[PDB]
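Colleague: Following this: a sequence and the matching experimental structure.
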There are 2 protein chains.
Amino acid sequence: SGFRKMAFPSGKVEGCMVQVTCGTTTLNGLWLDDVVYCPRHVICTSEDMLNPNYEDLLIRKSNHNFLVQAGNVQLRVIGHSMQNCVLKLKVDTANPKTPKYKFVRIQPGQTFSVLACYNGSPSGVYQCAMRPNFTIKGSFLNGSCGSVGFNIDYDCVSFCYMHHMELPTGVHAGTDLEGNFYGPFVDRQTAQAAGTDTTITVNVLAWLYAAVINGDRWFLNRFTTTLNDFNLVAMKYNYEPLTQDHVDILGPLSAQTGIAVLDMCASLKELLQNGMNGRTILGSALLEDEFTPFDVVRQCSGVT
Amino acid sequence: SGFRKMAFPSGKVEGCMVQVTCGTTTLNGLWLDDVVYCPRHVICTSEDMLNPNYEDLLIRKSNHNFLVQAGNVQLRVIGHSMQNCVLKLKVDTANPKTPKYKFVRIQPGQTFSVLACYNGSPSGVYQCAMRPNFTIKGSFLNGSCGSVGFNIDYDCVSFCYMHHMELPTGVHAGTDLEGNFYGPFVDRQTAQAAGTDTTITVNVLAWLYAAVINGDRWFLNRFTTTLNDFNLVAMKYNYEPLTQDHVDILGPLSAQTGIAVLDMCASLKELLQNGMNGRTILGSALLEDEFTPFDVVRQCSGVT
Ligand SMILES: Cc1ccncc1N(C)C(=O)Cc1cccc(Cl)c1
Ligand SMILES: Cc1ccncc1N(C)C(=O)Cc1cccc(Cl)c1
């Protein structure tokens, strides 16, 4: 019973958090094996961020300019390289707490947990989704850069996000663990506006199945629809177009509840057209799009 | 920038989770020092839960009937006692991962993180609040009993909740770590209905300050009110009566934003009377009451 915006347990990622200082800039680093991953803008001053030339700025940095602190003990930096927008600091000690891990680049719509950190120390964990415009609606202040986003499959942590930037509109931009930015963003203190933040339709449907599973059924109607008819309505309300691939992924939820995917789409169509009329679904007065069909299955089954 | 329903990092609590089996019932235990804490209903079968006499049922249980497993290794049970609705299993080994801890009984309105567990393994972490009717709106399935609720102050984990029961309405009931139930609930498979779930007013106001801090200001109006006038409106909308103690606790938020507590109460009064007119505040279409004034301060300042 109950449906909560649930993050993965963060212990495996807490044991990887370090503080990285270069000159007078301090941010977070991720220590996996003998490598510390951090945003390359750690080498920048506020003057540098206007139009930084990172290859040029890196020339004036040596291994001894990067101060890596784990807890309260100093790690010895024996190498450094730049891969896209992240710095990789080779340290002389493998992290004893390194869990089983992969680096994965997620697609928009996919959700993940963020362990927000300041000065190598964790402050909290929350669930996010990679928006269709490649931003994330996180909760980050100055000092949080280098905090990571991740998913866990039993004992393997798939790191998918590293926090880099706050856009002028309060939304956030970052890279995968190879330093490649999600979306068109660049690590520069330049006005970069986000694209349309459309609703993740497959996620709304998944959350409507989670609601049916937990008792909220008022929104189930007597209608059905087709993918093309649903998509006309989805376009009007800035919802992502629903594909047969999304229908396939909703299959286990459709099988458990006995409600066909297209029938649930007609319910979602009526919810868009009429609104919720002062009602709630799973304690929310709007249609939640940050639970994937996998998240609903996991939460509703008890996957540990 | 951004405001998220954030849980505390769960690593310190993950290192305390064990699996407790008694006969054919398996649930979660909390291993702190040389003691394992778990719900006393671990000794019950489904037949026993109808009208259990726990003192009588405990007579037929010996130390060797409690199987405590940490990871995949077995802990030796050298003692057992019942304290209210929890069992305390004395083990022969202190938990090497025991963090600094306290046991605290929280008041309704107070928030905490829950590490949901199944078979001693963590599945996820989310933020909760102790409702004014002493229930929590968690996300728990069969097997989750013994999962705990907690707050962290730097290095000290204050354990405040142990999950015991699911009421017939899908809401949850549990004890503090002394085995004392929050509210009037009893660990028996008997219909127990919850009281009125009123809104935590001090928390809504705190979240309105968090919204002003992050840019959502449309709801700020030209009005002010008094505590007695606000409370007449609060009574009508099933909101907890606001006291001067709540006003005092909102003081730091009032000081940061420069918006008097009573002025923010008049904004909340108009939001109750008129609704949100299809608008949102911090991405929500309803007034959020599961952030305390302390949570807003911590999240908005970056306390690690
Ligand atoms: C202030 C803040 C709040 C939340 N998250 C991040 C920040 N910071 C530190 C930045 O955006 C810095 C920055 C500026 C310009 C480009 C880049 Cl790559 C980084
Ligand atoms: C099914 C479920 C779902 C979510 N959380 C808990 C449960 N369980 C296991 C119970 O409520 C058992 C129980 C029944 C009656 C009294 C008590 Cl003290 C415990």
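Modeller: Perfect, I can see it now. Numbering: from 1, shown residues only, chains lettered A, B, ... in the order given. Ligands and ions are numbered 1, 2, ... in the order given.
Colleague: measure the residue located most distally from the centre of chain A to ligand 1 for me?
Modeller: Using Cα atoms, centre = their mean, the residue of chain A lying farthest from its centre is residue A:222. It sits 36.1 Å away. Distance of residue A:222 to ligand 1, given as Cβ to the nearest ligand atom, to the nearest Å: 47 Å. The way it works is simple: take the backbone N, C-alpha and C, and place the C-beta from them, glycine included.
Colleague: Please apply the same query to residue A:238.
Modeller: Between residue A:238 and ligand 1 the distance is 26 Å, computed by Cβ to the nearest ligand atom.
Colleague: does stretch A:81-89 come close to ligand 1?
Modeller: No. Shown here: stretch A:81-89 not in contact with ligand 1 (Cβ under 6 Å from any ligand atom), separated by at least 7.5 Å.
Colleague: what's in contact with that stretch?
Modeller: A:20, A:29, A:35-43, A:54-55, A:58, A:66, A:68, A:77, A:79-80, A:90, A:162, A:164, A:175, A:177-181, A:187 (Cβ atoms under 8 Å, 6 or more residues apart in numbering or on different chains).
Colleague: Ligand 2 contacts on chain A?
Modeller: residue A:1.
Colleague: Tell me which other helices or strands the lengthiest strand in chain A touches.
Modeller: Counting residues, the longest strand in chain A under DSSP state E turns out to be strand A:156-166. Applying 3 or more Cβ pairs under 8 Å, 6 or more residues apart in numbering or on different chains; DSSP states H and E, one finds that strand A:156-166 makes contact with strand A:25-32, strand A:35-39, strand A:100-103, strand A:111-118, strand A:148-153, strand A:172-175.
Colleague: Quick check: residue A:235 is in a helix.
Modeller: Yes. Counting by DSSP: H, G, I helix; E, B strand; the rest coil, residue A:235 is part of a helix.
Colleague: show me what contacts it?
Modeller: Going by Cβ under 8 Å, 6+ apart, residue A:235 touches residue A:241.
Colleague: That one and ligand 2: what is the separation?
Modeller: 40 Å.
Colleague: same thing with residue A:213?
Modeller: Separation of residue A:213 from ligand 2 (Cβ to the nearest ligand atom) stands at 13 Å.
Colleague: shouldn't that residue be in contact with residue A:259?
Modeller: No. Residue A:213 is beyond contact range of residue A:259, at 10.2 Å (criterion: Cβ atoms under 8 Å).
Colleague: ok so residue A:183 is a strand residue?
Modeller: No. Read with three-state DSSP, residue A:183 is coil and lies in no strand.
Colleague: what's the spacing between the spatially closest residue to it that is not a sequence neighbour and residue A:170?
Modeller: Of all residues not flanking residue A:183 in the chain, residue A:134 sits nearest, at 2.6 Å (Cβ to Cβ, 6 or more residues apart in numbering or on different chains). Distance check for residue A:134 against residue A:170: by Cβ to Cβ, to the nearest Å, it reads 16 Å.
Colleague: hmm, the longest strand of chain A in reach of ligand 1?
Modeller: Yes. Applying Cβ under 6 Å from any ligand atom, one finds strand A:156-166 in contact with ligand 1 at A:164, A:165, A:166.
Colleague: how near is the last one to residue B:24?
Modeller: Think residue A:166. In terms of Cβ to Cβ, residue A:166 sits 53 Å off from residue B:24.
Colleague: Next: the first one.
Modeller: When Cβ to Cβ is applied, the distance between residue A:164 and residue B:24 equals 52 Å.
Colleague: Which one of those two is surrounded by more residues?
Modeller: residue A:164 (27 against 7; other Cβ atoms under 10 Å in any protein chain shown).
Colleague: Just the element for residue A:69, please.
Modeller: strand A:66-70 (DSSP states H and E).
Colleague: Which other helices and strands does the helix or strand following that strand contact?
Modeller: Reading on from strand A:66-70 to the C-terminus, the next helix or strand found by DSSP H and E is strand A:73-75. Applying 3+ Cβ pairs under 8 Å, 6+ apart, we find strand A:73-75 packed against strand A:66-70.
Colleague: Which residues belonging to the strand it packs on are considered buried?
Modeller: Within strand A:66-70, the residues that count as buried by 16 or more other Cβ atoms under 10 Å in any protein chain shown are A:66, A:68, A:69, A:70.
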